[PDB]
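Here is the structure we will look at, set down as structure tokens.
Chains as they are written, first to last, in PDB author numbering: chain B, 4 to 111; chain A, 4 to 112.
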């Protein structure tokens, strides 16, 4: 497999599994596009991915995602992942909240 | 049952079921004791509660808790719940994290 530590500026056809650590806040380009920076990672480290428009709304921290045919470049100083137009982002994992009753555990 | 909106300063023997919205933050005294103030609520509204030392530290957001014999005062200008002596906090509900495999959901479906 490919690892985040092995990612450098100019890399191409990146096939990479990662987990979302952070979902940054969305900014707007000159042409009305919504762009959002996410901090994603594997055990070998973290990296930024730039995500565009509605894809941005489909991502939460904890999400396990497979990137296909991605590429890396520098944007405003930061190393950044991008989805290739002939590629894909695939969610293969997520963490969910489940309610559980508790037998009157006392804090004291 | 009692509801947050009906709580005034000086009201004692407060029995109240609430959910924790914010675990809030920690004030530490010079004698080494910590109090963390949380933001809790019911359908009628929210309110602050201060908890000392170990009591409030496996309090998590989403927790459903019952306070017995609590009392209401003013702290840092805000209406605040305290646990009165002879009182208790009981965790009766919680939300826990579980993993969920996703069968290949393309983000460009």
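Ideal placement from N, C-alpha and C gives every residue a C-beta, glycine not left out.
Is there a Cβ from chain B that is less than 9 Å from the Cβ of residue 53 (chain A)? Here residue 53 (chain A) is taken as the residue at index 50 of the second chain, counted from 1. No, residue 53 (chain A) lies away from the interface with chain B (no Cβ there is under 9 Å from its Cβ).
Rounded to the nearest angstrom, how far is the Cβ of residue 110 (chain B) from that of residue 96 (chain A), given a contact under 8 Å? Within the first chain, numbered from 1, the residue matching residue 110 (chain B) stands at position 107. Within the second chain, numbered from 1, the residue matching residue 96 (chain A) stands at position 93. With a Cβ gap of about 14 Å, residue 110 (chain B) and residue 96 (chain A) do not count as contacting.
To which residues does DSSP link residue 28 (chain A) through a beta bridge? Working through the second chain from its first residue, we reach residue 28 (chain A) at position 25. Answer is A:40.
Report yes or no: is there a C-beta of chain B within less than 9 Å of the C-beta of residue 98 (chain A)? Counting from 1 along the second chain, the entry for residue 98 (chain A) is found at position 95. So, interface residue.
Chain B contacts made by the segment 71–94 of chain A, where a contact means CB separation under 8 Å: Taking 8 Å as the Cβ-Cβ cut-off against chain B, the residues of the segment 71–94 of chain A that qualify are 91, 92, 93 and 94.
Distance, residue 32 (chain A) Cα to residue 14 (chain A) Cα: Walking along the second chain from the start, residue 14 (chain A) turns up at place 11. Walking along the second chain from the start, residue 32 (chain A) turns up at place 29. The C-alpha of residue 14 (chain A) lies about 26 Å from the C-alpha of residue 32 (chain A).
Under a three-way DSSP split, which group does residue 46 (chain B) fall into? Position 43 of the first chain, counting from 1, holds the residue named residue 46 (chain B). Collapsing the DSSP output to three states places residue 46 (chain B) in coil.
Where does residue 15 (chain B) sit, in a helix, a strand or coil, going by DSSP? Counting from 1 along the first chain, the entry for residue 15 (chain B) is found at position 12. Secondary structure at residue 15 (chain B): coil, using DSSP grouped into helix, strand and coil.
Could you tell me if residue 94 (chain A) is buried or exposed, where buried requires 16 or more neighbouring beta carbons within 10 angstroms of its beta carbon? Taking the second chain and counting its residues from 1, the one referred to as residue 94 (chain A) is at position 91. Counting Cβ neighbours within 10 Å, residue 94 (chain A) comes out buried, since at least 16 surround it.
Listed in chain order, which residues of the segment 43–67 of chain B have Cβ atoms closer than 7 Å to some Cβ of chain A? Residues of the segment 43–67 of chain B with a C-beta less than 7 Å from any C-beta of chain A: 58 and 61, listed in chain order.
Grab me the residues of residue 67 (chain A)'s own chain with a C-beta within less than 6 Å of its C-beta, minus the 5 sequence neighbours each way, in chain order. As a working note, residue 67 (chain A) is residue 64 in the second chain. Counting only residues of its own chain and dropping the five nearest sequence neighbours on each side, residue 67 (chain A) has a CB closer than 6 Å to the CB of 22, 95 and 96.
Identify the residues that DSSP records as bridge partners of residue 69 (chain B): which are they? By one-based count along the first chain, residue 69 (chain B) stands at place 66. Paired residue(s): B:20 and B:93.
How many angstroms separate the CA atom of residue 56 (chain B) from the CA atom of residue 105 (chain B)? Working through the first chain from its first residue, we reach residue 56 (chain B) at position 53. Working through the first chain from its first residue, we reach residue 105 (chain B) at position 102. Each residue's alpha carbon lies about 41 Å from the other.
Do we get a CB-CB distance below 9 Å when we pair residue 28 (chain B) with the residues of chain A? Here residue 28 (chain B) corresponds to residue number 25 of the first chain, with the count starting at 1. Not closer than 9 Å to any Cβ of chain A, the Cβ of residue 28 (chain B) fails to qualify, so no.
Check the Cβ-Cβ distances between residue 107 (chain A) and every residue of chain E, and say whether any is below 9 Å. Of the protein chains in this structure, namely B and A, none is chain E.
Just to confirm, is the Cβ distance from residue 17 (chain B) to residue 84 (chain B) under 9 Å? The residue labelled residue 17 (chain B) in the question sits at position 14 within the first chain. The residue labelled residue 84 (chain B) in the question sits at position 81 within the first chain. In terms of Cβ geometry, residue 17 (chain B) and residue 84 (chain B) form a close pair [threshold 9 Å].
Cα-Cα separation between residue 1 (chain B) and residue 89 (chain A), rounded to whole angstroms: With chain B covering 4 to 111 only, the question about residue 1 (chain B) has no answer from this structure.
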